[PDB]
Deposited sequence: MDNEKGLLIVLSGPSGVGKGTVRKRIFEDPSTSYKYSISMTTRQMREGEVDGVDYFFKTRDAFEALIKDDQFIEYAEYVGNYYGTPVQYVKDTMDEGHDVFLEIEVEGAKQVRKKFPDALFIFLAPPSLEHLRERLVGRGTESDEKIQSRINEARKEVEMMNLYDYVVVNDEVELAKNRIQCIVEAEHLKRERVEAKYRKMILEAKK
């Protein structure tokens, strides 16, 4: 059966990168990561096809026109986006794909992947009002706790009657 698409976001600085890293460190599960494309200049120590696929702005816009992104956004004059083909093929192989996107991107993703798992990482306890775009809300109080919560969510998704029924 198809792998899940798992989409993690949250406000900038909430710690989504740190939580994602811990999740991918967990040997109980096996996730695949999408390498994003960007049009920003490559920095010291970075490798094309590892940190990012680095593209010209014209190439990125050609790819947008040909509908080759699940989602994209422009930040300070540079585009960033998730290529569609890798994610599609990888899910078709039966692997769960675990994406990190910026908050407003959920709407774009959900149009193409309505049954994806959308997880909003929230800071500990108003602009956080963008959670309405998401399926689940997980508080990043501590990295280990946030990871465990996300792992219950993904585990539960695998137990969903729809999946098991079709199976």
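Missing from the model, relative to the deposited sequence, are the stretches 1-3, 129-155, 198-207.
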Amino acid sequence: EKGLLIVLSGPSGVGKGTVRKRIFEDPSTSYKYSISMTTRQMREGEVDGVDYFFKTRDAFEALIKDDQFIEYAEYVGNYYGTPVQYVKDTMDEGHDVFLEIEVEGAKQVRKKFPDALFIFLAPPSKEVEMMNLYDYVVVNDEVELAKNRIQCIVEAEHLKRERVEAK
From here on, numbers count along this sequence of modelled residues.
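Looking at mean Cα B-factors across 60-68 and 109-117, the upper value is held by 109-117. In this PDB entry, the Cα temperature factor of residue 137 sits in the bottom third of its chain's modelled residues, the lowest group.
Among the modelled residues of the chain, residue 151 sits in the middle third by CA temperature factor in this PDB entry. The PDB entry assigns residue 98 a C-alpha temperature factor belonging to the highest third of its chain's modelled residues. The deposited CA B-factor of residue 55 belongs to the lowest third of values across its chain.
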